[PDB]
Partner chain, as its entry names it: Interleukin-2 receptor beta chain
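Shown below, as structure tokens, is a lone chain in the form solved without its partner chain; questions about how it binds or moves come after it.
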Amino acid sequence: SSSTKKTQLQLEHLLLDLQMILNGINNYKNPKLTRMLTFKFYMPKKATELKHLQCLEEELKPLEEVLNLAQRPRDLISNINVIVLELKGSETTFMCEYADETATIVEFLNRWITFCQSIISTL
């Protein structure tokens, strides 16, 4: 169908966005980089379905905050939330369960990139 292709493209949109953020870190200078890597993110116990994207949405402000510190962030984050909403819908309710261990921004992005890739692969 073309509804499934819509979902694929939205996931690819989210994935590229997250990948662009990750790639940007490679240029940050040490003082900045060192500080930025001590800012913790919460990781979901489980993220294998679209509804789990809520656990990424919840961590979007913290993502925006740390990114403002290291620089338009408001615009990119808002675009990610728009895609997140389009992908999961607002009808599904879900309560995020986070692991005990928090993660760096690099680990947080890698996990959500893997997530996007994973859903793509199933369709």
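We call the rigid core the largest set of C-alpha positions that still match within 1.5 Å between the two forms. Numbering follows the first chain given and starts at 1. Shifts are known only where both forms have a C-alpha.
Colleague: Note whether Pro31 lacks coordinates in a third or more of the other compared entries that model its flanking residues.
Modeller: Yes: coordinates for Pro31 absent from at least a third of the compared entries.
Colleague: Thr92: absent from a third or more of the other PDB entries compared?
Modeller: Missing in at least a third of the others, so yes.
Colleague: Please classify the unmodelled stretch of the deposited sequence between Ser90 and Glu91: none, 1 to 3, 4 to 9, or 10 or more residues.
Modeller: Count of unmodelled residues in between: none.
Colleague: Mean C-alpha B-factor higher for 46-54, or for 93-101?
Modeller: Higher mean C-alpha B-factor: 93-101.
Colleague: 62-70 versus 31-39: which one carries the higher mean Cα B factor per the record?
Modeller: The entry gives the higher C-alpha B-factor average to 62-70.
Colleague: Hey, what third does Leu123 fall into on Cα B-factor, ranked over its chain?
Modeller: Answer is highest: the recorded C-alpha B-factor places it there.
Colleague: Using the B-factor values recorded in the entry, state whether the Cα atom of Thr4 falls in the lowest, middle or highest third among the modelled residues of its chain.
Modeller: Highest third - that is where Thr4 ends up once the chain's C-alpha B-factors are sorted.
One more form of this protein should be noted, the form solved in complex with its partner chain, which is absent from this view; the next part is about it.
Colleague: Would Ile83 show up as a contact with its partner chain in the deposited bound form if we use heavy atoms at 4.5 Å?
Modeller: Yes, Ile83 is a contact residue.
Colleague: Going by heavy atoms, what in 54-82 lies within 4.5 angstroms of its partner chain in the deposited bound form?
Modeller: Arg72, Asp75, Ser78, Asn79, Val82 sit within 4.5 Å of the partner.
Colleague: Comparing between the shown form and the other one on the rigid core: C-alpha of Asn30 shifted by 2 Å or more?
Modeller: It does, since the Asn30 C-alpha is displaced 2 Å or more between the shown form and the other one after the core fit.
Colleague: Taking the cut-off of 3 Å or more as given, in which direction does the distance between the C-alpha atoms of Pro62 and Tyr28 change in the deposited bound form, closer or farther?
Modeller: Farther is correct, given that in the deposited bound form the C-alpha spacing of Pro62 to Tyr28 is increased by at least 3 Å.
Colleague: What direction does the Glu58-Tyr28 Cα distance move in the deposited bound form compared with the shown chain, closer or farther, given a change of 3 Å or more?
Modeller: Compared with this form, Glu58 and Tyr28 lie farther apart in the deposited bound form.
Colleague: Lining up the core, where do at least three residues in a row all have CA moves of 2 Å or more between the shown form and the other one?
Modeller: Once the cores are aligned, run 26-31 is the only one whose C-alphas move by at least 2 Å.
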